[PDB]
Each structure stands twice: as structure tokens, then as C-alpha cells.
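Below: one structure, written as C-alpha cells.
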Protein chains: 4
Amino acid sequence: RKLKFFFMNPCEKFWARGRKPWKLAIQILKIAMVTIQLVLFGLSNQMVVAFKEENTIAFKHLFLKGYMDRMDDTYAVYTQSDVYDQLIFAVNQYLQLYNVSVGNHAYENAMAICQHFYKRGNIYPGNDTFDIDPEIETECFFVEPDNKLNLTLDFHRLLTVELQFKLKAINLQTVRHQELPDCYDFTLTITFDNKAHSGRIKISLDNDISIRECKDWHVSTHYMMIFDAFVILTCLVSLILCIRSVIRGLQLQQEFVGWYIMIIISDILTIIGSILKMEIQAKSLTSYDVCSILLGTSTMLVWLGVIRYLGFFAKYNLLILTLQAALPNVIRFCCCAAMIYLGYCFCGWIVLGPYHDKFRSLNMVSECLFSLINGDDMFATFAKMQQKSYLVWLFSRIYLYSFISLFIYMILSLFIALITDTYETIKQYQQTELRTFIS
Amino acid sequence: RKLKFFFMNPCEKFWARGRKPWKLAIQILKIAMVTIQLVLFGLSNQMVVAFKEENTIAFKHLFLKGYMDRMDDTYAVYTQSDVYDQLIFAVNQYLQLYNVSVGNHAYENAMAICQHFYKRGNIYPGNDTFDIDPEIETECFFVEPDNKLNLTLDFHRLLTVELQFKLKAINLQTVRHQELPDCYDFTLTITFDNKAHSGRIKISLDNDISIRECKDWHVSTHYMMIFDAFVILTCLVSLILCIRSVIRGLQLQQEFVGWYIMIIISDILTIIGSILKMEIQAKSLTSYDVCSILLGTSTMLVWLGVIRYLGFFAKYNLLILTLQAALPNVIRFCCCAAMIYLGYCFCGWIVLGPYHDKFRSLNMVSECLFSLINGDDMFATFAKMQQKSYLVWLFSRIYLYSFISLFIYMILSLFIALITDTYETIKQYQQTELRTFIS
Amino acid sequence: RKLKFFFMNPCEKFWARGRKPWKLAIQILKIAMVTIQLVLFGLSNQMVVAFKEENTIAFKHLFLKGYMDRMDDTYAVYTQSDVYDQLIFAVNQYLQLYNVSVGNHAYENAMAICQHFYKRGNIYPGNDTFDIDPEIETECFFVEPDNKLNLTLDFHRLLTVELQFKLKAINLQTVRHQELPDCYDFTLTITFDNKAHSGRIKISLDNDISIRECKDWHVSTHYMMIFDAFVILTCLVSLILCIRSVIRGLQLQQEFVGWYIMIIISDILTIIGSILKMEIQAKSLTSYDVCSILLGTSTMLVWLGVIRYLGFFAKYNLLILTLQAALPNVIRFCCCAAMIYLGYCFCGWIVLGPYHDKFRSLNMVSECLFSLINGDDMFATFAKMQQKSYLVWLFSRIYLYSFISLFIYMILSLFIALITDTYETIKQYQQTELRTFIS
Amino acid sequence: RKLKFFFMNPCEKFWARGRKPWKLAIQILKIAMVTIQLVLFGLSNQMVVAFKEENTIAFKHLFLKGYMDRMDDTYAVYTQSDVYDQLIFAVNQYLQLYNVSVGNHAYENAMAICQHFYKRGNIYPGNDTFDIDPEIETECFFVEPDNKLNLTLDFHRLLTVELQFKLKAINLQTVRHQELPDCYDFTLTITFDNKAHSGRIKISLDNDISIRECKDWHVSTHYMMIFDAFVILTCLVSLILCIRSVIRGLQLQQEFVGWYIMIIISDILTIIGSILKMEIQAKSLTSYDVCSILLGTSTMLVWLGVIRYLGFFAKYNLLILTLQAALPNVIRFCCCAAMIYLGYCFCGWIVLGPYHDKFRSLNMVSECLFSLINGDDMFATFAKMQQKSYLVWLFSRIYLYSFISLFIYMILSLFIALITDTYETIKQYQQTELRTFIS
């Protein structure tokens, strides 16, 4: 009836009729609004972030006694004078920060160093006897920021050492031009671990940074926040056009008795996103990155909306029409064969993985498999050579060609395949009783 | 009629008839002429260029106080004695250039250093108060090239420092053998920026170089320039064979009431190219690289002419026949799905991009997406580890496999697909009323 | 008959009938049991291993007199004072280990250095005469671990030098938390070879490590070993469900007069695997890595069982149905064309391989061919430039494009092809007299 | 007739008949003979070679005054004291070689240094006047190997400096175990060039090495050379079975009024190869690498013979049957589109190539295009940033996506395509009047 025309209607044919074109322009407003919300937001998150990393990487630059000819820090002390060396350099770094550090960041009214010790240790190499107590007692030591350093350390008993402290910084180019909180204290922990007891104590400096606003600001009702609330009003108006889409879906359920479900799921993530960016505006958390992930999932789904827009012009939408069509054999293939993947990762995992990486995480082995699926890594995998067991390397070539095998021969092809097939029927059926009664 | 034979005529069948073969040989002359114009020109642009870069990279070699074990310069001072160190080294570099610099380049009748300052600064860490004035006053200082150095710098207030100066060089192996202007003054600016205020002041030396001809030259009517004017006469004769092609197209419009449109668009870019290389011959600009881009677009289109030449021999031109044929689904797919691309770049852009690069430009994120589209970068993207939020890295794997997913499963396949299909109908229809009335 | 129903029966349709569902749950128990056996085992092998490598890499860190700006150790002495330098550093390393080495590892009641000499040497450069005796006499020297060093070396006559020694270490974080032997003596051999007589004596330190259990342990009937025996009882129960599968196959041979053959081959490798992990539990070998390879082949085949499980749900198993189907043209193509591969490796091998690598192993040349098959290495292969013979580099480009050619044009395509075809008949025959008599 | 049966006969069906099986076993003998000739030969060429490179790389190790934190030597002096520094180090290297050099290689009854000078130079920066004389006079200086060094150099006038000398080495592990000439004098030339006059004088050491046999040898009718003559007799017997194949082809021309043409072209390259390895056995050239290329082309074609062997077993040879079949559209596509390639390289060549590489060779630009065709290099191409002209980088992204575009969208697809099609008719016609009259 007329209901079937309002429902099976064409946006562009709806342009022929009057007083319909208002909804689309509303929706494009939502498009570029959300788009800007991205834009401006991305300045926001990245500027914040990069300042943190900047300041971050540098804190290593002040407090690590040295850096090498290789940029990579993965390397750490062999020496006793090395550790007491890093301690002198860094405690005196606490001291000499006011003078030497070229950054503004200064002490706020303070440091500390933790050392973790073994409850009852015993080592007897002579009789081979080895006695351990699985209890660690942590002694914490406190630094006052302004000279002599007293160090008590026993080498065999050392599992982990750390130091903690938190230094203040207020970001000038951040609060100067735009609105984001200018203070974040970077709470630093530098660490040296014998955790494995091997003779190399693996040193890394790691900083967590917390966002706080200046107690006062005097420089030289925020329209950008009220704009995010007005784009948020665009998003609630979009969840209201998603509520008119939802009553449209309720009317399509009554008549049935979704492109919008995407559109509404979007501006719901955008709505929860706008509320939540209001929320990290209130909280000042600095781990609100999530609020970012939340916010951007929206950007995504809204741009599949960019998909049904261009699809809206041409109207035969074959690219997303065939893709949609055979997604069944697609997902069935992914989750079914992805098992085969898993198993190989395991095989690589118990035999190969000892050999692969110094981090030697199965996660990494999974990743570098899929790396060869991407065509690279053969070069760094083939390169590092077993040579201990001719059987070891022998299997090594056996599987790596086996799997690198089963996908090129097998993986792309099934893909390429069902892809081909439903392209065919797409073009074919382009060239139902429900539509018949609709006619 | 006879008009249809002159029009639907075969170049090689035209060889059977007499006094026709002159136009093609004219056109091959244009082929290898333009080809040479490339050749000789490429010597020209590259020799110039490489000299600039040579001299360039080296200027960093003189005036940067140091270089590291890592080739990469991205790194910069942590220290106050470091900056005054780079200043001493470089001002004394100005001084000691005559003696120490192994290059010819010398002062011409002179340097300077700029420092940009804050209008009204205030920093109060104790009460958390932070006061800034968004106005920068630049003080410029002048160097006379032949000893004492006085430095006035305040650390908190420092946003950017620079130095400028322009040194003279006349390129020997350039003007010696061939004709290109031998003098280019490289106007240098070395810089140290606290622009972010982080504690690392990011140092880079950057040179713009300007081309000028020696006022006099005595060594030991230019035929190479008149050759470029004669190949330019070949190009105007080609725009005249493109005007005979255009009156040929006017006759084909009258009869219709283009391979040439390419041929003429080419030798028009080649003609504007020959005029413009005459033009940077007059101007001596050194940013005439554009004149190069202009010039070479020609090389391009003329070699798609190389395409209809070999196609001219075989005459069934299926490779460019099928490609042409289905370019519709091709461009429709590119610009339609390329949306999907865009959206992902955004998603990566707000959540992932904080994490990806120290430059952290969305441009770069776009680039390294398409990098995985090329099969590499999985290795450097998978490698650098979030580890702050299990949700952060969690999404990280979610999308990177999601998109790396949608294209391998989706991207090549649609491609491979329409490509297959129109190959089929190409071979098929190989194996119209207009042609019928032509018969 | 009824026999044909028990045989051509559906697991999920068997769920409709009663007292059948017990066998599957038995088999899933075997799934996640074996899965855990992996899990726990993988902790085991990797923790052991990584400790060895840790301690390992570091031993180089103590005893190599130096490390460079490049991480790579491939480089070695040019000097006489260099070798006597490495000797001083390392013999004094033996000495100063107790004091300087930050690892626990200590001497156990001792080192030695071997030098291999020429039987009768003669070198006469003046008259060009060159006399050699193909007999090497090895003199071994012994180190007592607690000062003066006397060195006797002749440069021309030096083929290989080594030193051997074995140091004791008991791994704390290994025996502390879980059960694995805590002592492994790393028997070290550091070496300097003039083996080629070139003027660079290629230095590497290499360690073999042997596992031994502490003679006594006092800390602060193993259920994990009895769990591996109980999962081993799961595996024997699985070889007994593989014996019921085998009597099932004997009944299917009688009726015929295998998915299980995989299932049983698996839990046989898992059974020999469980017995053998019991066996390296008895032996304490440290080259039991094989026992790992043995053990994991199981993980593999059992997860192709994960394949017939998900396949068990959907029941039309097309992904493994088409793959199975045309594996004939697959294996025929692999082993047939893989000849063509071989030949190219040879061609590259005699002409190209001189040029390719400093290790210059044909194995490596084979590997980096298949590397370009993976899309990478063009960059490091194209980069290193012949330039001695224009014919040398000329062929160099000839073949590398020739083969890189024959596979892209040829290799993926045949692949993609038969893959396509049997996908078609898979979908077709989805859309026998034996089955007819079964009906 | 019977002639058609001897001709259209099956090797394996010929096994049914008697006294035929002798020819094949002859031919397999040729297979593994030639195979061994490879084998042994490959030892030969590689061992020689690697010794040369060994000794080679090291000569740089003695005579370059320094090496850096970066392995790459591409870098060279900025300084006057640097060049006189390299001279001292290297002339004194000539001196101190007997003592310091850990290699055997010694002087044979001597060095020299060349400096190339400008005929009439004039530099006038003040008035901008620049005068040059395009004539270089080379002064050569001679070194006697056993102390004071006198240096005469003018900086502006310096185009190129070199030094030459040739040092003797007799390769121990080469002549000791097997037969190859043990002496090769490595004639060295180290060089420093201001060739561009830029202020960095690009230093490289380059060695040509010549093979000579020891005048006498006393150690502790060659069967390996007579084996290469006997495998060469296998090759002449193979050119005689290729002459029986050629009279077989003459009989097939008479009956017609080639697999063998390959077989004979092979053992002709193998025959000329065996004669020529006899020939570099006589000549002792050391640039006989060609003799290697000659020799191995054989290995190649003989292993396409490995192709018709396995094809000989199965007998339906579809993999090489379809490949053969549509090679027409294949080669037509390669040489036709490869034009399109060329043109792009040019476009990249005049505009992009200034920017790409410091070597900035169009050859390299061609190579790295085809690199992206291989899926890598996007990372190093996208990375290095124009930033001088927004138009420069703008086109930069324009084309790199344009071409990276036209092949993925276009290149593999046509490929994948004709490959698919003739696979189809291969399988089809598997599932002529000449054969009919043969029947």
C-alpha cells in the first residue's frame, strides 16, 4: 500500500516528493558533526598523548646512567659497579634535576627505592644443595629531594629492585591554545630485576601519568565543551532520528509481523561517547583512552553509513551486496580454519618457540605466524639458526614450509573462491513472493 | 564511405597504401625525441639535485656538534651545556669554516641566530598556578663571519631557537661538462625547539638553496637549449599533428554528429613543458621541480602511446581492451570502498595513533595501513606493545586483524573478480548497428 | 542394516538416541586434557629454555673482551694483541668471575684451551713455494680456577683455537614454583678460528648445557607427574577409544570387505609422548627437545580433530571437503614444479651464490628464493651490487625477474586455479551405488 | 606405421618392449652426472669466491683508518687532517703489515698513490667568476714497502685521489683438500673522491684479484679433471644422444615434412661448459665466473628435463601443459604492459628520483618499483618525506598509489585470469586430423 511505498521508498526518489528531504540533511549534519567530533577530538587525544610520551621517553633519558650504540634498551647490567653506578647516576639525578634537567618538571611536596628480598635463602654449590624460601619481604627506602647515598645489597638474594617517585609537569602548549588539563604528574618507577637470577639484571624505566587541572589559571562557560554537548545534542537528535528509525523499525516489525540498527548503535556509542567525554571531563582520569575507543567505534559504524550513502547514490550497491551475500561461508571459513591456525601456533609454540624470541611469548608466535600470512618475517624466522639438533632445524623447515604452504595453496584460494562465486550470482540475479505482493 | 575508411583505417593496413606512412614516422620521432628530452633532462634534474643533497647533508655534517652511533638525527639535547655546546661548535663552525671545512663553499658579503620568547610568562609549581601570555617576541642576533660568543637564554621561557645564514657554492662538475647554473646559495637554518616544553629540544638543520648563474665564466647560442626548442618544435609539430588530430577529431565529430586526446594532452604538457623549461632557464628558480612534474606527466601519457604502438602491431589489444572495458566497476569499487578505508584510518587514528608513531601524524597512519595492504609493517606494528591497558592492546589486535582481514578476504577478491569476468567477455566477444552500417 | 546406521551415523543425530553421548565427552576430555598437557608442558619447555638462553647469551657477555656499536657478533679480530687481548680478558674472566660476574654461577670441582696446529708447515712467498701437511696436532692446556698467563702461538700455522670449560648453575625460579630440574651445567667452548687463513679470526662462544637434579633439596609423590600419567591414562584410554576405533575400523574393514587413524596416530604420538616425557623425567637429558617435537605433533593432529568437531556441528564441512577433494592436483603440482624450484636454486647457487651471502650456504639461497615467494628480500637481494661484471649483474636481473616472474605469473595462478575448480564441484555436487545400497 | 609408434611412443610403454630401456638410463646418468658436476663445481666456485671476499672485506679492515658505529661505509671524510689521517694510517699500514696484519699475505717484489689534478683551475667567489679547464693531469707516486711520508695536496683542485698496489696470497684450505689454484694476487685500489666537489670525499677500497698457481708445490694426472672430462664425455655422449635426438629430429622432420632441443641445448651449454671449465683450467683467469654462468644455464635446462621426467611418469603433465598452452597471452601481456611499467619508472625517474636515493640511479628506481610489486618498500618509500613542496609530496602519493593501484587492481588479475582460462580448457580437452591419421 502507501505503507509499502514509505517503507520500500528511494531516498533519491523521495527527493521527487516534497517535505521528505529534511531527514537526510539532518543525517549529513550528523555525519560531518561526528566527523568533526573525531577531528577535534583527535587533536585532543594525540596532543595529550604525545606530550606524555615525549616527557616519558625523556625521563629515561635523564635517569638511565647510559644509552648504547644500539637504540634498543632491552639490554641491562652485567656488573655490581654497574648497578651502584645506575643508582648513583639516578639518585644524583633526583638531586641534579633542578640544575641539569632541561625540562621544566620539578619536585612537588620525595622519591623512594624498593628492594625485594628472599625470606630464607640458602645456596650450597659445593654439595649441590639448594634451599629457597618462597617468601619475599620488601624493604622500601625514602629519598628526600635535596646528598650521601648508602646502599645495602646482597647479590644472590636479589630478585627485584625498583625505585618509585612522581614528578610534576604542566603542559604549556596543551592548555595554552585549546582546552585540556595542563598538569599530569608522571609517577615514575625505574627497575632492575634479577627476576630470573641469570647474571643480567633487566633494567627498564616505566611511567604512569595522572591528569590534574591547575588550581588557578590567569592567562594573557566553554563553547568547545558546549559544542561537544551540541554535537551530543546532534547525537541525541540522532538517537531520536534513531528513535524515529526505531519506531520506523517498530512500524517495520508491525508490517513485517538493520542499516539503522547500525546508525543507532553508532550514535548510541557516540551518545555514550559524548556523555563519557563529558565524563572524563569531570573525572580527569588519563586512562580514559577507553573513552576514546568507545568514541571511535562510532566513527567506524557511521562510516559504514558513508557506505550506504554512496551506495545511496548509485543504488545497486554490489560491492557491499556481494560481500553481505556470502559473509556466511566467510565467517564459517574464518572460525573453522582458524582452528587449524591455532593448532599450528601450538606446534610452533612448544618446539619452535623456545628458539624464536628472547621474550618467547606464545602471543608473539601467534602474531609472527600471521606475519608470514602477510608475506614478511620469513627473513627473520629463516635467519636465526637452530644448529643444535639437525632434527630441530629439520622440523623447523618442515612446518614453516608446511603451513606457509597450506595457506598460499589453501588460504587465499578458498577466499578468492567463494568471493568469485557470489560475485557471479550477484551479477547474475542483478541481470521473491514478498516483493511480488509488494509489486 | 571513403571517409569511414580513412577513419576506421588500419595504421599497418595504411602501410599498404602510399604517402600515408609519413605521419607515423613523424610520431616515432616525437616518441624518441620526447624520450631523449626525458633522458638528458633527467641527467639535468638529478645532477643538480644530488649536488644539493650532497652539499646539504654535509652542512649538517659541519654544524651539528655531534652525531651518534645511530645514523638517525631525530634525537636532540637533554642539556644546557648541550645547547651552549651546539652554539659554540656551530658559531666557531662559522669561524673555522675557511680552515676546517673541506668543501670550497665560503662566505659571501653575515650569519644570525633567532630566539623566540614568551610575552609574559609565569610558572608557579608550588601553588600549581600556571600563567602564560600567547605572544612571542623574536630577538634576532647577527653574526659577522670573522670571535667571542655571548649567550642570553632562559630555559623555561624557551619555545624555539633558530639560526639562519646563506653560504655560497658554485658546482664544478655541473657547469663543467653540461649546461646548468653553477651557483646556488644554500640558505641554511639550524634549529633547536623546546616547542613542546618537554625536556628534549628537537634539533634539525634545514637548507633552502637558490640557483644563480656566475656573473662571468671563462673556461679552458646553446645547441642543447636550441635542441630543447627543436624537440619543442617537435612538440609543437606534435601539437600540430595533435591539431591535425584535433581537426581529425573535428572531422570525427562531424561524422559522429580519444587516443589522440591523450597524445595531444601529452605533447601539450610537453609543450607547456618545453616552454616552461625555457621558463626556468630564464627564471633560475630552483623550486622548478614542478616544471619537472609538468614535464614528466608527458613522458607518462606518451608511453601509454607506447601502449597503442605495440597494440598497433598485434591489433587485438586485449590487455588494454579488457582493462578499459571494466574500469567502471573498478573506479566505482575504488572510490566506494576507499571510504571503508578512510573510516578504519580514523578508528586507528583516535585510539591506535597515540600509540603508533612518535611523529604521530594521521597521514602516517593512513600510509602504514596501506602498508599492510602491501604485506609489510605487521612486523613493526605488532611489535610495539601497548601493555598499559589490556583493553588497549585488546582492541589493537581486534582491528588490525579485522581490517587486515576485510581486505585479504575482501579486497583482492572483488578485484580478482571483476578482472576475471571482463577477461571472460573480452575473450568471448573476441571469439553493433554502427559497425554494421560501417560494413 | 543396523550396522550401516551405527556406521553411517551422525554424532549429533546419535545425540537423539540414548547411552551414545558418553564417547564424545570422553573425547572432549581428551581434547582439553591434551590441550592442558600442551599448556603446562609449554610453560615447562619454554621456561627451561629461556633460562638457558638467558644464562647463555650472558656467558658471551662475560667472556668476550668486547662488543661493538653493531649488535652482531659475526665480526672478529684483526690483531695479535687482539687475540692475546681476548685471552687475557677471558682467563682473567675465569679468575674474576667470583668477584665480577653478577650471576650466581660458580666453579665446580678447571678450564682449558685447545690449539690445533699444522703437522709440517712451510710458507715460501719469495719463490712462490707453498708446502702443507694435512695433519693437525691438538695441544690442550688446562686452567686451574684460582694467575699468570703464558701464551705460545704462531700466526701462520694457526688453524683453530678454542677453549672449553663447564660452569654450574641451579635455576632458582625453575625449581622454586614448579617441578623441573634446577641444575644444568653449561659446558662452554669459546673459539677463534683462522680456519680460512684470511686475516680475520672468526670468534664465537658456544655453550651446550646438561640437566642434573640437586643432590638434596630442602625448601621453605608428584601430582603433576601423576597428572601427566593420568592424562597419559587419558591418552591410553584414548588409544583404547582408538582401539575401539580400531576394532571399529576392523568392523568397518569386515563391512568394507581414517578420521580415527588421525585420532589414534595422534594419541599414539601423545602416548609415546607421555611415556617419553616420563622418559626425559628419568633421563634428565636436555636434548629431549625431541620429546617436545614428538609431543606436539600430537597437538597438531588432535586439532585437525578440532577440525572434524566444528565440522561435526555444521556437518557439510566444505572447507575441508574441497581441500581434501583436490589435494591430488595439489601434491602433484607441489612435488612436480618444486623441481623447477630446485633447478633455479642451483642456477642461483653456482653463479649468484658467490655474491649473495658471507655465510654463502646453498641452504640459505634456497631459503631466500622462497623468501621472494613470500614477497620480501627483493630489497636486500636487489640492493647488494655485482658491478664487477656487467654480465654478472646482467644475468642477476635476468633470472631474478625470470623466476620472480614464473611464479607470480605461474605459481599462485595454477594454485588459485585448481582451488577454484574443485570449489565449484564442491558447491555443485552439494547442490554412488554404495550410498544407494546404503539407502 | 611402425615409424609413428617409435615416434609417438611411450617411454614407460617402451619399457614393455625390450632393448629400448638403455637410452633412458644413459640419460639419468647424464642427469646425476651433470648434477654432480654442479655439486663439486659449486664447492669449487664458492670456496674460491668466499676466500676472495673474506680476504677482501678484510683488506678494508686493515687499510681504512676507521670504521663507525654504523656498519655502512658509504660515509667519508669531512676533514683535511682526515685525509692525511687515512694516508698516514694506510701508508704505515703498508709498512706495519708484516708486523700487525694477522693474515699471511705479504709483499711480493711496491705500492703507489695516484692524484688527479685540474689543468687550469680558477675560483673567484668574490666576483662570482668561475674558471675551469676540462683537462686532468694524473701524478702517480710510488711506495717502496719498507718510512717518512710527504704529502702534496691542494683542496679546491682535488677531483680524485686513489692508491694502487697488489698483494700476494696463497689460499691454504683451497689447494690443501681439493684442486683449485692457491695463489691469487689481490690488486688493491683504495680511493677518496671529491669528484662532485661537495665537501664530503667519498672513500671506498676496491680489490681485483687474479688467479695464479704456485710455481712449486710439495705437500705432506688429476682424476677430478679427468672426471670432468668423463662427465664431459657423458656430455658429448649426451650431445651424441642429442645427435641421435637430432637425427631423431631429422627423422621427425622427414616424417613431419623440442624437448630434445632443450636437452641438446643443455648438454651443449654443458659441453661448451665442460670444455670451458677445461679452458679456465688452462687460463687461470678469475673472471671465469662467466664460465660458471655458462655452466649453470645447463643445470637449468636439464632440470626442466627433470620436469619431463616426472611428467614422464604421470604422463598427463597438465602443470606444464596448461603453462605451455597459454604462454602466448602471457608473453604478450608481459612485453606489452611492461611498457606501462617503463613509463611509470620514467615519471618516478624525473620527479620522484631526485628524492628517492643518495645513489639516485634510475636502475634503482626501476628495481624498487618492482619491489612494491613484491609487496615491500612501501615502508621505506612512504617514510622519507618531501615536505619542501606540498605539490612534490602531493604527486608523490598520487602516483605511488596510482601504480601500486594499477597492478593490484590490474596486474595480478589479468594474470590470475588467463591462467584460470587455460586451466579450464586444459581440464576440458583432457576430459586433430593428424592424430586421427596416426590412430
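FYI, nothing fancy with the C-alpha cells labels: chains A, B, ... in order, residues from 1 per chain, ligands from 1 as they appear.
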Chain C residues near chain B (10 Å cut-off, only C-alpha atoms) as an MDAnalysis selection string: chainID C and resid 69:70 374:376
Segment 381-384 of chain A surroundings by only C-alpha atoms, 10 Å radius, close-in-sequence under 6 positions cut, as a short mmCIF file (atom, residue, chain, number, x, y, z; two decimals) with N, CA, C and O atoms, in the first residue's frame:
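As written to disk, part.cif reads:
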```
data_model
loop_
_atom_site.label_atom_id
_atom_site.label_comp_id
_atom_site.auth_asym_id
_atom_site.auth_seq_id
_atom_site.Cartn_x
_atom_site.Cartn_y
_atom_site.Cartn_z
N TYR A 355 62.99 -21.38 20.55
CA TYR A 355 64.04 -20.87 19.70
C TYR A 355 63.79 -19.45 19.19
O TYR A 355 64.75 -18.73 18.88
N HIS A 356 62.50 -19.03 19.07
CA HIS A 356 62.12 -17.87 18.24
C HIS A 356 62.56 -16.53 18.84
O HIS A 356 63.32 -15.79 18.21
N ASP A 357 62.14 -16.24 20.05
CA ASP A 357 62.24 -14.87 20.54
C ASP A 357 62.83 -14.93 21.95
O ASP A 357 62.77 -15.97 22.61
N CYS A 368 53.58 -13.68 14.70
CA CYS A 368 54.55 -13.78 13.60
C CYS A 368 54.17 -14.87 12.57
O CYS A 368 54.58 -14.78 11.40
N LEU A 369 53.40 -15.88 12.99
CA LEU A 369 52.67 -16.69 12.02
C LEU A 369 51.85 -15.85 11.10
O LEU A 369 52.04 -15.86 9.87
N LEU A 372 53.88 -14.07 8.56
CA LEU A 372 54.14 -14.73 7.27
C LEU A 372 52.88 -14.78 6.40
O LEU A 372 52.98 -14.76 5.17
N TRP A 393 66.16 -28.02 13.59
CA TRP A 393 66.06 -27.26 12.35
C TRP A 393 65.29 -28.05 11.29
O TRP A 393 64.54 -27.47 10.50
N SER A 396 62.00 -27.59 11.72
CA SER A 396 61.82 -26.15 11.56
C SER A 396 61.44 -25.79 10.13
O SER A 396 60.44 -25.09 9.87
N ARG A 397 62.20 -26.34 9.19
CA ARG A 397 61.87 -26.15 7.78
C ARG A 397 60.59 -26.94 7.42
O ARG A 397 59.75 -26.45 6.64
N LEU A 400 57.48 -24.80 8.73
CA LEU A 400 57.36 -23.45 8.22
C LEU A 400 57.00 -23.45 6.75
O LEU A 400 56.18 -22.63 6.29
N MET C 364 70.79 -21.40 2.52
CA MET C 364 70.33 -20.02 2.62
C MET C 364 69.79 -19.52 1.27
O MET C 364 68.77 -18.81 1.24
N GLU C 367 66.42 -20.83 0.84
CA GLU C 367 65.53 -20.11 1.74
C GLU C 367 65.13 -18.74 1.19
O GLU C 367 63.95 -18.39 1.21
N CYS C 368 66.09 -17.95 0.66
CA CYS C 368 65.78 -16.57 0.26
C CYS C 368 65.05 -16.49 -1.10
O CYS C 368 64.33 -15.52 -1.36
N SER C 371 61.85 -16.88 0.08
CA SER C 371 61.60 -15.55 0.66
C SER C 371 60.93 -14.62 -0.34
O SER C 371 59.89 -14.02 -0.04
#
```
DSSP helix (DSSP H, G or I) selection over segment 186-323 of chain D, as JSON, numbers by chain: {"D": [223, 224, 225, 226, 227, 228, 229, 230, 231, 232, 233, 234, 235, 236, 237, 238, 239, 240, 241, 242, 243, 244, 245, 246, 247, 248, 249, 250, 251, 252, 253, 254, 255, 256, 259, 260, 261, 262, 263, 264, 265, 266, 267, 268, 269, 270, 271, 272, 273, 274, 275, 276, 277, 278, 279, 280, 281, 282, 283, 289, 290, 291, 292, 293, 294, 295, 296, 297, 298, 299, 300, 301, 302, 303, 304, 305, 306, 307, 308, 309, 310, 311, 312, 313, 314, 318, 319, 320, 321, 322, 323]}
Separation of atom CA of residue 426 of chain D from atom CA of residue 336 of chain D in Å: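 Interatomic distance here is 25.1 Å.
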Distance query residue 297 of chain A at most 10 Å, only C-alpha atoms, self and fewer than 4 positions along chain excluded, as a ChimeraX atom specification: /A:265-267,269-270,273,292-293,301-303 /B:343-344,346-348,350-351
Distance of atom CA of residue 63 of chain B from atom CA of residue 165 of chain B, expressed in Å to one decimal place: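 So the answer is 12.0 Å.
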Length of the atom CA of residue 263 of chain D to atom CA of residue 289 of chain D vector [Å]: 23.3 Å
Contact residues around residue 105 of chain D with only C-alpha atoms at 12 Å, ignoring same-chain residues under 4 positions, as a VMD selection string: (chain C and resid 123 to 126 128 155 to 156 197 to 200) or (chain D and resid 55 to 56 58 to 59 62 94 97 to 101 166 to 172 183 to 186)
Near-segment 82-90 of chain B list (10 Å; only C-alpha atoms; drop same-chain fewer than 5 positions) as a list in words: residues 102 of chain A; 62, 63, 64, 65, 66, 76, 77, 95, 96, 97, 113, 148, 149, 150, 151, 152, 153, 163, 190, 192, 201 and 203 of chain B
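Checking D:224, D:363, D:127, D:213 one by one against residue 283 of chain D, counting only C-alpha atoms, you find the shortest gap at D:213.
Distance annotation: of B:133, B:19, B:428, B:143, the residue with the minimal separation from residue 111 of chain B is B:143; atom set is only C-alpha atoms.
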